[PDB]
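S.K.: Numbering (the entry's author numbering), first residue to last: 24 to 83.
For every residue, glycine included, the Cβ atom is placed at its ideal position computed from N, Cα and C.
What follows is a single structure, and I will ask about it in a moment.
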Ligand SMILES: [Zn+2]
Ligand SMILES: [Zn+2]
């Protein structure tokens, strides 16, 4: 695909992942955008926040 996902103003070059979090302002982020490889544990949180934001919600 050729668009623009992560807040890095770019799109899916190859290794990608969606904000596997209920909140997460978006559902598509690049590894160059964030920080990881092959999306650790299979599921990765769109951003260091996309993870924390999920912790702030759902069961406290
Ligand atoms: Zn997110
Ligand atoms: Zn980004």
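Could you pull out every residue in the same chain whose Cβ sits closer than 7 Å to the Cβ of residue 49, ignoring the five residues on either side in sequence?
M.R.: So the list reads 28, 42 and 69, once near-sequence residues are dropped.
S.K.: Thinking just about the alpha-carbon of each residue, which of 57, 25, 35 and 47 is nearest to the one in residue 80?
M.R.: For the residues 57, 25, 35 and 47, the minimum Cα distance to residue 80 belongs to 47.
S.K.: Nearest CA to the CA of residue 35: which residue from 45, 24 and 44?
M.R.: Of 45, 24 and 44, the residue nearest in Cα terms is 24.
S.K.: Can you tell me whether residue 49 sits near ligand 2, meaning its C-beta is under 7 Å from at least one heavy atom of the ligand?
M.R.: Residue 49: no, Cβ never under 7 Å from ligand 2.
S.K.: Excluding the 5 residues preceding and the 5 following residue 71 in the sequence, name in chain order all residues of the same chain whose CB lies nearer than 7 Å to its CB.
M.R.: Same-chain partners within the cutoff: there are none.
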